[PDB]
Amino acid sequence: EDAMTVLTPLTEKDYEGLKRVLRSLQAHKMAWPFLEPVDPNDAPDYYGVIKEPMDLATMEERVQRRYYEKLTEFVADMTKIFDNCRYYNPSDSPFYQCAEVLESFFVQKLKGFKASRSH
């Protein structure tokens, strides 16, 4: 990561752009498994093997409450969604496939956000 991502505090303007990126992810056709916390009936072993769960609704609450101070911290929560999914599920499963596509889409949107802060 560049120095601005790591060290520049998130301003009010920055937070309007975080809100946009998050709504883009929530609207993507492959986002369904990640909108809310994993339900233990879809997986009774999930919370014994993933010790730091994350989901888009928890990120939304943190954005609304101004939890994040630096962009790196926001990026780290989003990446945990995709890393948890690729660790838990086999590489041929549809859950794994959703993580591949959504992460690539997140990177496209993140690069747009970074450009907009610096110019």
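One rule holds for the numbers: they count along the sequence shown, beginning at 1. In this text, rigid core is short for the largest set of C-alphas that superpose within 1.5 Å between two forms.
Student: Say the other structures are aligned on the rigid core; which stretch then has the higher CA RMS in 8 other deposited structures of this protein, 40-48 or 72-80?
Tutor: Once the core is superposed, the stretch further away in 8 other deposited structures of this protein is 40-48.
Student: Per the PDB record, is the mean Cα temperature factor higher over 77-85 or over 46-54?
Tutor: Higher of the two, by average CA B-factor, is 46-54.
Student: State which stretch shows the higher mean Cα B factor in the entry: 105-113 or 5-13.
Tutor: Mean CA B-factor is higher for 5-13.
Student: Out of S91, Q26, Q64, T72, which one has a C-alpha B factor higher than all the others in the entry?
Tutor: Among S91, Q26, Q64, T72, the PDB entry lists the largest C-alpha B-factor for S91.
Student: Lowest, middle or highest third: where is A31 by C-alpha B factor in its chain?
Tutor: It falls in the middle third of the chain.
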